[PDB]
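Visitor: Please see the structure below; I have some questions.
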Amino acid sequence: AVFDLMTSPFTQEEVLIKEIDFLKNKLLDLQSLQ
Amino acid sequence: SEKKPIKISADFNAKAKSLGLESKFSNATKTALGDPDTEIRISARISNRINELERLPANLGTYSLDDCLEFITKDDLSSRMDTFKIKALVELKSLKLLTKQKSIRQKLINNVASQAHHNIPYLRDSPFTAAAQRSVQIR
Amino acid sequence: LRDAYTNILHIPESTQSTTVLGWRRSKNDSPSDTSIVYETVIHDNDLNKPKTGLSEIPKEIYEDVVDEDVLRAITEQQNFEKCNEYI
Amino acid sequence: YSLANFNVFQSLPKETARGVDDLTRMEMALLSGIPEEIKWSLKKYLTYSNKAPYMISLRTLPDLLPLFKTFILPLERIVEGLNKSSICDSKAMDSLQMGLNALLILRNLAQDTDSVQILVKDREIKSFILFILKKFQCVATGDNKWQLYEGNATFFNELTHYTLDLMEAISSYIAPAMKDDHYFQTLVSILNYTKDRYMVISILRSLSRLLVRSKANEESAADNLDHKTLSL
Amino acid sequence: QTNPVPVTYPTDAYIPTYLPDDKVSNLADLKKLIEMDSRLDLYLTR
Amino acid sequence: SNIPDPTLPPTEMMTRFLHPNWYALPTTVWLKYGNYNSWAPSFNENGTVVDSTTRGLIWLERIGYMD
Amino acid sequence: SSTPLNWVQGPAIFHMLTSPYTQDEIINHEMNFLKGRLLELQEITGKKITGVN
Amino acid sequence: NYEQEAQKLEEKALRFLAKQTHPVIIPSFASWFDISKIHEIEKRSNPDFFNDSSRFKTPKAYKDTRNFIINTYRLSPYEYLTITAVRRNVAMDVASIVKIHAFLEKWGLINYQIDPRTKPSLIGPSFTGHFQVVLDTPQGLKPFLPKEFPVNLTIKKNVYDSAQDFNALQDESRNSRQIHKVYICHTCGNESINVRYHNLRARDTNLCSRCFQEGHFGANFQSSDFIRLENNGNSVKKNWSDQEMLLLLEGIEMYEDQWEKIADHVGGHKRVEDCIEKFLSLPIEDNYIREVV
Amino acid sequence: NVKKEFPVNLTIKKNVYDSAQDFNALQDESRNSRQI
Amino acid sequence: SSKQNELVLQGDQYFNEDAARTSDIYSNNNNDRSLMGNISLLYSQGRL
Amino acid sequence: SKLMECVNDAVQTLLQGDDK
Amino acid sequence: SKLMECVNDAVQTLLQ
Ligand SMILES: [Zn+2]
């Protein structure tokens with residue numbers, strides 16, 4: 001895995017929540033594929 | 001010689017060969033080191049050399065013929081007594097660390113091949129590699 | 001003169017050089033001799049003839065009132081400065 | 001041993017120790033114009049659009065779409081010049097590949113609500129999509145004006161696909177299509193022509209989304225559906 | 001069956017439309033035959 | 001050391017090595033809809049490197065004329 | 001700054017050693033990576049996930 | 001005649017030449033920049049100096065100001081170069097000074113904050129050659145001459161073995177034998193001078209020359225267990241002796257993958273990359289492969 | 001804008017055909033019955 | 001196109017266990033040093 | 001594969017001329 | 001050798 005320091009008007013918490021949402025949807029899609 | 005020197009037919013293996021591209025449709029080329037016979041032979045030679053090196057004496061000084069200018073008085077130590085001993089040790093240890101060199105070499109080769117399409121320009125810039133790298137990233 | 005605002009030396013700009021006239025590159029003596037030889041060089045094409053602002057006067061000024069020889073001299077001076085701006 | 005061993009150098013932040021955050025690096029690299037930096041930043045932007053599109057959403061990062069448009073319009077010129085052998089040089093190939101990468105990035109972002117909302121409010125992108133669709137229609141109906149040179153077909157292929165995806169998205173935001181709508185005619189021509197399946201399903205979705213709020217008595221786009229298309 | 005069973009040999013091919021209509025004079029007949037074949041297929045399957 | 005003797009198998013390096021120049025790029029799919037379904041999408045070329053006709057020509061040259 | 005920004009340690013991006021250009025090996029390694037990252041982030045945050053298999 | 005002229009010219013040019021001490025680091029996207037030219041990116045980001053709008057804003061004034069700022073930063077790249085200092089030295093309107101300073105700072109041309117002790121060093125494609133940066137001759141140093149007179153002098157030269165040496169600004173002159181190493185006899189505390197007797201079995205205990213002459217080692221060791229090695233002998237770059245190669249092999253045998261300890265066991269005067277390269281390019285097996293095939 | 005070969009340490013190796021010509025340091029004092 | 005395709009077709013010739021097992025491609029005397037030059041980076045990444 | 005070098009040189013010479 | 005001969009003969013026949 002790679003981590004890239006960045007900057008945004010969000011905070012770490014909201015970014016982690018958005019990552020959780022996106023990864024959950026992506027895993028659901030990959031599971032539904034098979 | 002006088003007529004057309006190509007004479008393409010419907011074989012595609014003679015057609016491809018006559019225009020230069022013969023090995024360019026096979027996955028990997030043919031080499032000699034891929035057979036167990038040659039491997040056993042090379043291993044036999046290496047084991048024989050290591051045997052010969054290990055059967056040498058430890059006290060293996062060398063008279064260098066330039067010790068004349070170093071007026072040794074039977075108490076001094078010659079500054080070149082260990083020159084054949086050092087070479088024998090170097091060759092023996094290098095022959096005993098062969099698999100380590102092989103492992104590091106194959107690690108280097110794998111880690112430089114996996115990044116061919118990202119580090120080599122004429123491979124990174126072909127339309128097919130670009131198209132494939134785009135096709136992987138289709139959301 | 002050491003200035004204190006920036007804590008840095010100040011020498012008359014004349015002693016310093018102005019621009020950089022490109023680069024030059026060559027090879028080592030032997031292959032596999034992976035070394036770098038970085039070095040500076042000054043170039044002074046025709047150090048005898050001084051430079052003036054003559055490369056700035058437009059043609060529509062000196063033309064039509066000049067002798068042929070003076071026109072050739074003007075052209076020579078301008079071309080000389082323009083070429084001295086090269087490597 | 002080293003002048004870094006001063007007490008003053010004991011309080012440095014962790015944010016600058018690398019030099020520049022990668023978002024800023026990619027933006028400045030695209031701003032430069034150096035081809036190597038352009039290619040590096042475009043690969044990274046594509047990876048981000050595929051695996052983390054919420055970090056580069058066209059809303060939170062304004063002035064991101066103008067750069068992609070600068071990379072995309074020369075693609076329009078090239079595609080117009082694509083009916084003959086015209087990629088002889090390597091700079092032409094590089095510009096074409098940059099255009100394709102920017103187009104794929106735009107499509108991946110358009111897969112989101114905010115990004116597609118920002119994309120719809122842009123005349124340049126819609127005009128480019130329409131241009132590519134009219135070229136595809138010219139290929140489909142077999143017109144003698146513009147005939148694709150097969151040596152370039154590969155490029156065109158990829159192009160078309162991306163465009164259609166974009167259309168699909170924006171098809172939701174042009175919902176009531178009027179009588180003489182070029183999008184509808186282009187799409188029905190391509191639908192009658194193509195043998196791809198992904199393409200057929202995308203075109204059907206796009207057509208079903210261009211008929212959301214339309215009246216039966218009022219003259220609408222549904223009058224551009226001859227009996228051939230309905231039978232199909 | 002609910003899926004079209006991906007296979008290994010090509011199942012169809014486009015017919016080129018960039019040939020000159022003057023020189024090639026039997027493309028129209030081939031396209032007419034293709035249309036009639038499609039119509040027969042529709043009728044049978046229905 | 002833990003380094004083995006140089007005569008102990010294995011002794012080959014590139015026994016399972018794969019260069020990216022042979023990585024099986026994506027191509028067309030060639031679906032098949034029954035036997036009397038001719039008005040049907042035959043291909044599925046979404047993330048392909050090369051278009052349908054060129055893939056067909058490759059197949060024709062290398063496979064179709066193998067006999 | 002009229003828009004106050006923060007230092008945000010970004011999300012982990014999937015990076016495979018050998019990129020095989022096809023979807024089979026990619027999807028296998030990617031499902032593994034997704035599950036691992038979901039577990040890591042669930043350990044980091046005070047939350048729970050649904051559908052993790 | 002002209003020989004003495006060129007000699008004095010070289011003397012004067014070298015006396016008044018800015019000697020570089022600290023390395024300057026700029027981000028890669030700022031590679032279009034040249035100190036003596038103006039780029040399109042500078043004209044787009046600063047349209048006021050070139051659109052011929054005002055007389056106080058001329059391209060010459062912009063170039064002089066930005067060159068002042070660039071030189072001031074490059075001469076001391078560890079400080080920050082606040083705006084107030086520039087404003088006190090330059091004679092423009094404060095708005096223009098601020099715009100130029102901000103533009104130069106955005107592209108990392110000045111005030112680019114890194115900690116360069118956390119990143120590796122690479123080698124670009126352009127490498128391994130003689131590079132001559134040719135800069136114009138300074139006036140006020142030309143000779144007084146009360147036929148042509150071309151000049152292509154060379155002021156100062158610098159040689160580097162690797163790219164890391166180039167980045168660290170370390171020349172072969174001082175780098176060759178910068179510091180030393182101390183060995184100590186395992187039996188008496190005295191340090192061995194100019195030579196040590198390395199134990200081939202212990203691989204950690206070295207002996208004095210005298211304590212080896214007189215047999216002052218353990219009673220389970222024989223004189224054949226020791227080997228004579230030198231201490232102050234450093235080889236010129238890219239030249240591996242037999243003693244150094246033996247030490248490298250011993251280090252690899254002892255510390256299998258700890259390459260810092262290996263490179264220190266060889267003598268420290270060789271970087272780790274050289275050790276890895278020397279171990280890789282080693283024709284250990286070539287003779288047998290060649291004779292079998 | 002050459003093939004460097006591994007050293008051939010010939011002084012170390014032994015004669016293959018007539019091993020009665022090696023240096024006295026390399027010979028084996030076992031063919032002339034001088035071991036014990 | 002011919003020049004580029006020929007360049008592409010010659011991108012995997014020193015990957016055949018013959019160039020790999022012998023010390024030719026690792027030698028510094030090679031004018032092109034696209035193989036050994038990576039070492040430094042590969043060492044800093046710890047992969048090697 | 002040696003014939004193709006001569007062919008490429010011939011094509012380049014063709015591109016050099018004007019009335020060819 | 002003969003390859004250059006054949007190529008140049010072909011080019012001359014093409015240009016004439
Ligand atoms: Zn002692």
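Residues in the structure tokens are named by chain (A, B, ... in the order shown) and by number from 1 within that chain; ligands are numbered from 1 in the order shown.
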Would you name the residues within 7 Å of ligand 1, counting only C-alpha atoms and all ligand atoms, and put them as an MDAnalysis selection string?

Guide: chainID H and resid 185:192 207:208 210:211

Visitor: Quick one: everything within 12 Å of residue J:42, counting only C-alpha atoms, minus sequence neighbours fewer than 3 positions away in the same chain. Send it as a PyMOL selection string.

Guide: (chain B and resi 104+107-112+115) or (chain H and resi 120-122+273+276) or (chain J and resi 35-39+45-48)

Visitor: Since we have the selection now, will you write its residues out, keeping C-alpha atoms, as a compact mmCIF listing (two decimals), in the first residue's frame?

Guide:
# COMPACT_ATOMS: atom_id res chain seq x y z
CA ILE B 104 20.22 -11.70 -5.34
CA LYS B 107 15.62 -10.70 -7.21
CA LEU B 108 17.19 -7.82 -9.12
CA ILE B 109 16.05 -9.23 -12.46
CA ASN B 110 12.47 -9.79 -11.33
CA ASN B 111 12.18 -6.37 -9.72
CA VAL B 112 13.54 -4.70 -12.86
CA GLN B 115 8.54 -2.39 -14.12
CA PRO H 120 17.60 8.20 -2.07
CA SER H 121 19.73 9.38 -4.98
CA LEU H 122 19.40 8.11 -8.55
CA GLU H 273 26.12 0.33 -3.56
CA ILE H 276 26.38 -4.81 -3.89
CA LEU J 35 20.09 -2.67 -15.31
CA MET J 36 22.64 -1.95 -12.58
CA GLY J 37 21.66 1.71 -12.21
CA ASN J 38 18.49 0.71 -10.38
CA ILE J 39 20.38 -0.94 -7.52
CA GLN J 45 12.98 0.49 -1.02
CA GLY J 46 14.19 -2.60 0.86
CA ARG J 47 12.82 -4.96 -1.80
CA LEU J 48 16.07 -5.77 -3.65

Visitor: Can you list every residue of chain J that has an atom at most 12 Å from chain K, with its nearest atom pair and the distance in Å to one decimal, using only C-alpha atoms, ordered by chain then number, as CSV?

Guide:
residue,atom,partner,partner_atom,distance
J:1,CA,K:8,CA,11.6
J:2,CA,K:8,CA,8.9
J:3,CA,K:8,CA,9.6
J:6,CA,K:1,CA,11.1

Visitor: Identify every residue of chain H that has at least one atom within 9 Å of any atom of chain J, counting only C-alpha atoms, and report the result as a list in words.

Guide: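 On the chain H side, the interface is residues 119, 120, 121, 122, 123, 125, 272, 273, 276, 277, 280, 281, 282, 283, 284, 285, 286 and 289 of chain H.
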
Visitor: What separation in Å, quoted to one decimal, exists between atom CA of residue H:274 and atom CA of residue H:238?

Guide: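 One can read the atom CA of residue H:274 to atom CA of residue H:238 distance as 8.2 Å.
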
Visitor: List the spatial neighbours of residue A:12 as a VMD selection string - criterion: any atom at most 12 Å away, only C-alpha atoms, same-chain residues fewer than 6 positions off excluded.

Guide: (chain A and resid 5 to 6 18 to 19) or (chain G and resid 5 to 11 44 to 45)

Visitor: Now that the selection is made, can you save its residues with N, CA and C atoms as an mmCIF file, in the first residue's frame?

Guide:
data_model
loop_
_atom_site.group_PDB
_atom_site.id
_atom_site.type_symbol
_atom_site.label_atom_id
_atom_site.label_comp_id
_atom_site.auth_asym_id
_atom_site.auth_seq_id
_atom_site.Cartn_x
_atom_site.Cartn_y
_atom_site.Cartn_z
ATOM 1 N N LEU A 5 0.749 12.034 1.544
ATOM 2 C CA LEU A 5 0.349 13.224 2.279
ATOM 3 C C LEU A 5 -0.309 14.216 1.332
ATOM 4 N N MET A 6 -1.432 14.780 1.761
ATOM 5 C CA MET A 6 -2.210 15.667 0.909
ATOM 6 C C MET A 6 -2.789 16.784 1.767
ATOM 7 N N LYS A 18 -15.293 8.294 4.344
ATOM 8 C CA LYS A 18 -15.500 8.186 2.902
ATOM 9 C C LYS A 18 -14.761 6.986 2.331
ATOM 10 N N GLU A 19 -13.547 6.729 2.821
ATOM 11 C CA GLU A 19 -12.810 5.553 2.376
ATOM 12 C C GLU A 19 -13.543 4.275 2.755
ATOM 13 N N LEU G 5 -7.427 24.692 5.370
ATOM 14 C CA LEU G 5 -7.113 23.331 4.969
ATOM 15 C C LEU G 5 -6.412 22.597 6.102
ATOM 16 N N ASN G 6 -6.356 21.274 5.978
ATOM 17 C CA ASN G 6 -5.756 20.421 6.990
ATOM 18 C C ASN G 6 -4.788 19.450 6.335
ATOM 19 N N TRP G 7 -3.900 18.889 7.150
ATOM 20 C CA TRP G 7 -2.995 17.841 6.698
ATOM 21 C C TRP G 7 -3.705 16.505 6.852
ATOM 22 N N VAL G 8 -3.984 15.856 5.730
ATOM 23 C CA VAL G 8 -4.790 14.646 5.691
ATOM 24 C C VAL G 8 -3.927 13.529 5.134
ATOM 25 N N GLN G 9 -3.553 12.582 5.987
ATOM 26 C CA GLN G 9 -2.857 11.387 5.528
ATOM 27 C C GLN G 9 -3.821 10.564 4.682
ATOM 28 N N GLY G 10 -3.555 10.491 3.379
ATOM 29 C CA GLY G 10 -4.527 10.013 2.439
ATOM 30 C C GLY G 10 -4.753 8.518 2.533
ATOM 31 N N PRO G 11 -5.613 8.010 1.655
ATOM 32 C CA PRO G 11 -5.971 6.593 1.700
ATOM 33 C C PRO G 11 -4.953 5.725 0.981
ATOM 34 N N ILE G 44 -8.801 0.842 13.329
ATOM 35 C CA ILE G 44 -8.427 2.223 13.625
ATOM 36 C C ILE G 44 -9.615 2.992 14.193
ATOM 37 N N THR G 45 -10.761 2.915 13.527
ATOM 38 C CA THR G 45 -11.920 3.708 13.906
ATOM 39 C C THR G 45 -12.821 2.947 14.871
#

Visitor: Could you list, as a list in words, every residue within 10 Å of residue G:28, counting only C-alpha atoms and ignoring same-chain residues fewer than 5 positions away?

Guide: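 Once the adjacent positions are removed, what remains is residues 30 of chain A; 23 and 33 of chain G.
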
Visitor: Go ahead and dump the residues you just picked, N, CA and C atoms, as a PDB file, in the first residue's frame.

Guide:
ATOM      1  N   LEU A  30     -17.322  -6.417  -6.171  1.00  0.00           N
ATOM      2  CA  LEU A  30     -16.441  -7.525  -6.530  1.00  0.00           C
ATOM      3  C   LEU A  30     -17.009  -8.865  -6.085  1.00  0.00           C
TER       4      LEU A  30
ATOM      5  N   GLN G  23      -8.299  -9.365 -15.523  1.00  0.00           N
ATOM      6  CA  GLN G  23      -9.128  -9.119 -14.353  1.00  0.00           C
ATOM      7  C   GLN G  23      -9.114 -10.247 -13.329  1.00  0.00           C
ATOM      8  N   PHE G  33      -6.837  -7.445  -0.738  1.00  0.00           N
ATOM      9  CA  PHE G  33      -6.426  -6.131  -0.255  1.00  0.00           C
ATOM     10  C   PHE G  33      -7.592  -5.369   0.356  1.00  0.00           C
TER      11      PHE G  33
END

Visitor: Skip residue F:61 itself and residues of its chain fewer than 6 positions away, then list as a PyMOL selection string all residues within 12 Å of it, counting only C-alpha atoms.

Guide: (chain B and resi 9-13+15-16) or (chain F and resi 54-55+67)

Visitor: Using only C-alpha atoms, which protein or nucleic acid residues come within 9 Å of residue D:67? Drop anything in the same chain fewer than 6 positions from it, and give the result as a PyMOL selection string.

Guide: chain D and resi 30-31+102

Visitor: Write a file of the selected residues as a PDB file, in the first residue's frame, keeping N, CA, C and O atoms.

Guide:
ATOM      1  N   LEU D  30       1.208  19.064 -14.292  1.00  0.00           N
ATOM      2  CA  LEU D  30       0.349  19.335 -15.437  1.00  0.00           C
ATOM      3  C   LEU D  30       0.486  20.775 -15.904  1.00  0.00           C
ATOM      4  O   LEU D  30       0.336  21.058 -17.096  1.00  0.00           O
ATOM      5  N   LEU D  31       0.767  21.693 -14.981  1.00  0.00           N
ATOM      6  CA  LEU D  31       0.890  23.094 -15.361  1.00  0.00           C
ATOM      7  C   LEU D  31       2.184  23.376 -16.109  1.00  0.00           C
ATOM      8  O   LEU D  31       2.247  24.332 -16.887  1.00  0.00           O
ATOM      9  N   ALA D 102      -6.761  11.669 -20.495  1.00  0.00           N
ATOM     10  CA  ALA D 102      -7.618  12.689 -19.899  1.00  0.00           C
ATOM     11  C   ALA D 102      -9.089  12.343 -20.078  1.00  0.00           C
ATOM     12  O   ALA D 102      -9.905  12.577 -19.177  1.00  0.00           O
TER      13      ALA D 102
END

Visitor: What is the atom CA of residue H:100-atom CA of residue H:57 distance in Å, reported with one decimal?

Guide: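 Answer for the atom CA of residue H:100 to atom CA of residue H:57 separation: 12.2 Å.
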
Visitor: Sort by chain and increasing residue number a table of all residues of chain C within 8 Å of chain H, each with its closest pair of atoms and their distance in Å to one decimal, counting only C-alpha atoms, and write it as a Markdown table.

Guide:
| residue | atom | partner | partner_atom | distance |
| --- | --- | --- | --- | --- |
| C:5 | CA | H:85 | CA | 5.1 |
| C:6 | CA | H:85 | CA | 5.9 |
| C:8 | CA | H:72 | CA | 7.3 |
| C:14 | CA | H:139 | CA | 5.3 |
| C:15 | CA | H:138 | CA | 5.8 |
| C:16 | CA | H:138 | CA | 5.5 |
| C:17 | CA | H:138 | CA | 4.3 |
| C:18 | CA | H:136 | CA | 6.3 |
| C:19 | CA | H:36 | CA | 5.3 |
| C:20 | CA | H:135 | CA | 4.0 |
| C:21 | CA | H:135 | CA | 5.2 |
| C:22 | CA | H:134 | CA | 6.1 |
| C:23 | CA | H:133 | CA | 4.7 |
| C:24 | CA | H:132 | CA | 4.8 |
| C:25 | CA | H:131 | CA | 4.8 |
| C:26 | CA | H:130 | CA | 5.2 |
| C:27 | CA | H:129 | CA | 4.6 |
| C:28 | CA | H:129 | CA | 5.6 |
| C:33 | CA | H:128 | CA | 7.1 |
| C:34 | CA | H:128 | CA | 4.8 |
| C:35 | CA | H:161 | CA | 4.7 |
| C:36 | CA | H:160 | CA | 5.1 |
| C:37 | CA | H:130 | CA | 4.5 |
| C:38 | CA | H:131 | CA | 5.1 |
| C:39 | CA | H:157 | CA | 4.3 |
| C:40 | CA | H:133 | CA | 5.0 |
| C:41 | CA | H:154 | CA | 4.5 |
| C:42 | CA | H:137 | CA | 5.1 |
| C:43 | CA | H:152 | CA | 4.8 |
| C:44 | CA | H:151 | CA | 4.8 |
| C:45 | CA | H:150 | CA | 4.7 |
| C:46 | CA | H:150 | CA | 5.0 |
| C:47 | CA | H:149 | CA | 5.1 |
| C:48 | CA | H:149 | CA | 5.9 |
| C:87 | CA | H:134 | CA | 7.3 |

Visitor: Taking only C-alpha atoms into account, which residues of chain B are within 9 Å of chain G, as an MDAnalysis selection string?

Guide: chainID B and resid 111 114:115 132:133 135:136

Visitor: Based on the selection just made, write N, CA, C and O atoms of those residues as a compact mmCIF listing (two decimals), in the first residue's frame.

Guide:
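Generated file (out-v3.txt):
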# COMPACT_ATOMS: atom_id res chain seq x y z
N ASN B 111 12.64 -7.71 -10.08
CA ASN B 111 12.18 -6.37 -9.72
C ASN B 111 12.48 -5.33 -10.79
O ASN B 111 11.91 -4.24 -10.73
N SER B 114 9.44 -6.46 -13.77
CA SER B 114 8.07 -6.11 -13.45
C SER B 114 7.74 -4.66 -13.76
O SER B 114 6.57 -4.32 -13.92
N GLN B 115 8.75 -3.80 -13.85
CA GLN B 115 8.54 -2.39 -14.12
C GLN B 115 9.05 -1.99 -15.50
O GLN B 115 9.47 -0.86 -15.71
N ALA B 132 -3.55 -1.01 -22.82
CA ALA B 132 -3.75 -2.00 -21.76
C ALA B 132 -3.77 -1.35 -20.39
O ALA B 132 -4.64 -1.66 -19.56
N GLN B 133 -2.83 -0.45 -20.13
CA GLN B 133 -2.81 0.24 -18.85
C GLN B 133 -4.06 1.08 -18.65
O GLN B 133 -4.52 1.24 -17.51
N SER B 135 -7.01 0.18 -19.99
CA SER B 135 -8.08 -0.80 -19.81
C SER B 135 -8.12 -1.33 -18.39
O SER B 135 -9.19 -1.68 -17.90
N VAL B 136 -6.97 -1.40 -17.72
CA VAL B 136 -6.98 -1.87 -16.34
C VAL B 136 -7.69 -0.88 -15.43
O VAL B 136 -8.36 -1.27 -14.47

Visitor: Find the residues of chain E that sit at most 9 Å from chain D; for each, write down the nearest two atoms and how far apart they are in Å, to one decimal. Count only C-alpha atoms. Sort by chain, then by number going up, and give it as CSV.

Guide:
residue,atom,partner,partner_atom,distance
E:12,CA,D:195,CA,8.7
E:13,CA,D:195,CA,8.8
E:14,CA,D:195,CA,8.3
E:17,CA,D:142,CA,5.8
E:18,CA,D:147,CA,6.6

Visitor: Quick one: residues within 12 Å of stretch 113-127 of chain D, only C-alpha atoms counted, chain neighbours fewer than 4 positions away excluded, as an MDAnalysis selection string?

Guide: chainID D and resid 49 53:66 68:73 75:76 102:103 105:109 131:134 163:174 182:183

Visitor: For chain H, report every residue with an atom at most 6 Å from chain D (counting only C-alpha atoms), formatted as a PDB file with C-alpha atoms, in the first residue's frame.

Guide:
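Now in iface06.pdb:
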ATOM      1  CA  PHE H  29       8.457  20.285 -12.502  1.00  0.00           C
ATOM      2  CA  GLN H 113      11.428  23.264   2.169  1.00  0.00           C
ATOM      3  CA  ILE H 114      12.660  19.673   2.271  1.00  0.00           C
ATOM      4  CA  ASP H 115      14.760  17.532   4.589  1.00  0.00           C
TER       5      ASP H 115
END

Visitor: Per residue of chain I within 10 Å of chain B, which atom pair is closest and at what distance in Å (one decimal), using only C-alpha atoms, listed by chain and increasing number, as CSV?

Guide:
residue,atom,partner,partner_atom,distance
I:6,CA,B:91,CA,9.4
I:7,CA,B:91,CA,9.0
I:9,CA,B:87,CA,7.7
I:11,CA,B:84,CA,8.0
I:12,CA,B:84,CA,7.2
I:13,CA,B:52,CA,7.9
I:14,CA,B:52,CA,8.6
I:25,CA,B:60,CA,7.7
I:26,CA,B:56,CA,7.3
I:27,CA,B:56,CA,9.8

Visitor: Kindly save the residues from that selection, with N, CA, C and O atoms included, as a compact mmCIF listing (two decimals), in the first residue's frame.

Guide:
# COMPACT_ATOMS: atom_id res chain seq x y z
N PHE I 6 37.18 -14.00 -14.72
CA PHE I 6 37.61 -14.42 -13.39
C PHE I 6 39.07 -14.86 -13.45
O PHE I 6 39.48 -15.50 -14.43
N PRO I 7 39.88 -14.53 -12.45
CA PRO I 7 41.31 -14.83 -12.53
C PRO I 7 41.57 -16.32 -12.69
O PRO I 7 40.89 -17.15 -12.10
N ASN I 9 43.95 -18.61 -11.56
CA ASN I 9 45.01 -18.81 -10.58
C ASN I 9 45.75 -20.10 -10.92
O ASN I 9 45.51 -21.17 -10.35
N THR I 11 48.95 -20.79 -10.53
CA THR I 11 49.92 -21.21 -9.53
C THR I 11 49.29 -22.08 -8.45
O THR I 11 50.00 -22.86 -7.80
N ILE I 12 47.98 -21.97 -8.24
CA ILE I 12 47.33 -22.73 -7.19
C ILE I 12 46.99 -24.14 -7.66
O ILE I 12 47.16 -25.11 -6.92
N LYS I 13 46.53 -24.28 -8.90
CA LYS I 13 46.05 -25.56 -9.39
C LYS I 13 47.20 -26.56 -9.54
O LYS I 13 48.38 -26.21 -9.44
N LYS I 14 46.83 -27.81 -9.78
CA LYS I 14 47.79 -28.90 -9.89
C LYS I 14 47.80 -29.47 -11.30
O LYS I 14 46.82 -29.35 -12.05
N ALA I 25 55.40 -27.79 -2.45
CA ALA I 25 54.39 -27.46 -1.46
C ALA I 25 53.05 -28.09 -1.79
O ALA I 25 52.26 -28.38 -0.88
N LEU I 26 52.77 -28.32 -3.07
CA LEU I 26 51.48 -28.87 -3.47
C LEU I 26 51.49 -30.39 -3.59
O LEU I 26 50.41 -30.99 -3.61
N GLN I 27 52.66 -31.01 -3.66
CA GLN I 27 52.72 -32.45 -3.82
C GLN I 27 52.24 -33.16 -2.56
O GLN I 27 52.15 -32.58 -1.48

Visitor: Using Å and a single decimal, report how far atom CA of residue B:46 sits from atom CA of residue H:253.

Guide: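 These atoms are spaced 19.2 Å apart.
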